[PDB]
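Only one structure is covered here, and it is reproduced in the block below.
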Amino acid sequence: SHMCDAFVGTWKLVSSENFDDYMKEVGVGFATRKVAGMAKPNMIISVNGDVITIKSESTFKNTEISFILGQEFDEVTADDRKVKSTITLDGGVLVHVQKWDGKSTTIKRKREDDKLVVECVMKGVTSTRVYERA
Ligand SMILES: Cc1noc(-c2ccc(Cl)cc2NC(=O)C2=C(C(=O)O)CCC2)n1
């Protein structure tokens, strides 16, 4: 019933690359980076009508956002930034832009084979986090 269907489900982190550097660029402090980098979240994605919900559950923090595509919302990130976020679908990729303090970071989620690939960019730095079905 919608192309956003290939994201729905329960996903578990299986690989991370460059995440510490991404977090440094975002401005996350040492202790949060270390504990955050250890986390192995599950990502739970659901759809109800026009509302998409993404939950991240881990030993560090449980976070949840709900949103409508293209409609800005205020978000508290896991590292406690208060950001203005918009999430859109662009050619089959979920594109999440977070703005705060004159900065911006973009998080892209895409289906590739049986994985959900998360690419996180802050200025020159890209982190790639790969999830598989739980
Ligand atoms: C920045 C930043 N500072 O702390 C954190 C973070 C902290 C804890 C936990 Cl448990 C996960 C985190 N972040 C993630 O997992 C992220 C992605 C993911 O969903 O893979 C996409 C980008 C961030 N992110």
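All residue numbers for the sequence shown refer to the authors' numbering, where the first residue is -2 and numbers rise by one.
Using N, Cα and C, we set each Cβ at its ideal position, and we do this for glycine too.
Between residue i and residue j, what straight-line distance do the alpha-carbon atoms span, to the nearest angstrom?
{"i": "residue 93", "j": "residue 36", "result": "21 Å"}
{"i": "residue 97", "j": "residue 116", "result": "19 Å"}
{"i": "residue 1", "j": "residue 110", "result": "15 Å"}
{"i": "residue 20", "j": "residue 112", "result": "23 Å"}
{"i": "residue 8", "j": "residue 91", "result": "15 Å"}
{"i": "residue 38", "j": "residue 80", "result": "21 Å"}
Judging by CA-CA distance, which residue of the options is the nearest neighbour of residue i?
{"i": "residue 149", "options": "72, 53 and 99", "result": "A query on residue 149 cannot be resolved here, the shown segment of the chain reaching from -2 to 131 and no further."}
{"i": "residue 41", "options": "34, 31, 84 and 62", "result": "62"}
{"i": "residue 44", "options": "65, 18 and 25", "result": "65"}
{"i": "residue 106", "options": "79, 121 and 88", "result": "88"}
{"i": "residue 16", "options": "3, 31 and 4", "result": "31"}
{"i": "residue 56", "options": "70, 47, 104 and 10", "result": "10"}
{"i": "residue 99", "options": "86, 113, 29 and 78", "result": "78"}
{"i": "residue 47", "options": "85, 101, 104 and 102", "result": "85"}
{"i": "residue -1", "options": "49, 18 and 33", "result": "49"}
{"i": "residue 29", "options": "72, 124, 128 and 58", "result": "58"}
Under 7 Å, do residue i and residue j count as touching if we go by C-beta distance?
{"i": "residue 68", "j": "residue 82", "result": "no"}
{"i": "residue 122", "j": "residue 22", "result": "yes"}
{"i": "residue 76", "j": "residue 118", "result": "no"}
{"i": "residue 3", "j": "residue 126", "result": "no"}
By the 10 Å Cβ neighbour count, where 16 or more other Cβ atoms means buried, how is residue i classified, buried or exposed?
{"i": "residue 27", "result": "exposed"}
{"i": "residue 130", "result": "exposed"}
{"i": "residue 70", "result": "exposed"}
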